[PDB]
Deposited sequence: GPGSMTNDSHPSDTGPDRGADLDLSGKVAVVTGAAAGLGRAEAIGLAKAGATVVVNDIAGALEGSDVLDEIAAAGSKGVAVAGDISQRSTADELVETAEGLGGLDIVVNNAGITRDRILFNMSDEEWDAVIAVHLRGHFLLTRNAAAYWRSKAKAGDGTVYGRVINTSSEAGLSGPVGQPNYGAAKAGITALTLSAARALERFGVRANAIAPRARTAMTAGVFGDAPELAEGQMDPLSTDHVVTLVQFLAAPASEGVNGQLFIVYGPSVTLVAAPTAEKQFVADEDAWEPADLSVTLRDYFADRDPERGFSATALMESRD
């Protein structure tokens, strides 16, 4: 069911916070874990000591995940350890700004680390699994856990870049799920909240008992990641989960709110205008595509 013994996972952004917790959690479930982050961050991290304590083998590979060489080395490292079973794309940075103040660099940096980084490693893994399945019996074990956000669903006012990257990640994940399904590989997206040193500004410090868990502990997220990494999740593909606390929300696809169909084979501009204007004039203010 959940045993990952004999499997190799790659986790990005793993020196600290959620990625660190994911790497440790996969190690506890039995996986050999390849951890990636920026070199300085890896150097100060206890992640390898914690993977060892968890009873597994860990290997660190430094690099900027937005660069092709990094995703190449991660897959090569995994192959040398006996194969690649699990990819967790977690690496990210924020560069928040309201749109009218955002610089080109703030936009580009966020798109590169989140969206290009997710692309490079997911594409590399996809190519690897396709080749492995071709050399074998047409199937291969594989799991992709990608990291979206509620921001991709809501387009926050201070996060046009991060919202766009995260919405792109969701669509990339859906496409990956379609491409990989027939080989037995599954790909899904999570949208987590968890209290870490990076999110301390947003969530505040840890509250309050023997046995109680922090409502925003990384533990809550890791438990889902462990499932999504495991044979148990064979029936789960192309899904988006929101996760924090003792609660996992499976998100439903967008639907049609209203169809506006002309009487004839084309809308007269005046008729469509009156129709839409009059529909919106009697409709809720906050209601739109934002979730």
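- Gaps between the deposited sequence and the modelled coordinates occur at 1 to 20, 229, 313 to 320, listed in sequence order.
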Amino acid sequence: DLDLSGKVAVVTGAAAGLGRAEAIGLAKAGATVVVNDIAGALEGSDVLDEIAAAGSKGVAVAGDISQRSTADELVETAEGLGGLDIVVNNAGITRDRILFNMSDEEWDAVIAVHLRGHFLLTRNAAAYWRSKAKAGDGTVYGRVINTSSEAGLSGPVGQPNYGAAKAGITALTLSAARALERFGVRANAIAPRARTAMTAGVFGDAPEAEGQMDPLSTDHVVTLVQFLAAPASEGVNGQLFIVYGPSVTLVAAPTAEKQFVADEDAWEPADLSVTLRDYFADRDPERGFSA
From here on, numbers count along this sequence of modelled residues.
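- Look at the C-alpha B-factors of 92 to 100 and of 169 to 177. On average they run higher in 92 to 100.
- 144 to 152 and 191 to 199 differ in mean CA B-factor, and the higher of the two is recorded for 191 to 199.
- As recorded in the entry, 270 carries the highest CA temperature factor of 15, 24, 10, 270.
- Of the residues listed, 72, 210, 108, 85, the entry assigns the biggest Cα temperature factor to 210.
- Ranked against the other modelled residues of its chain, the C-alpha B-factor of residue 122 as given in the entry falls in the lowest third.
- Among the modelled residues of the chain, residue 283 sits in the highest third by CA temperature factor in this PDB entry.
- Ranked by C-alpha B-factor against the other modelled residues of its chain, residue 112 falls in the lowest third.
- Sorting the modelled residues of the chain by their CA temperature factor places residue 221 in the middle third.
- When all modelled residues of the chain are sorted by CA temperature factor, residue 262 is found within the highest third.
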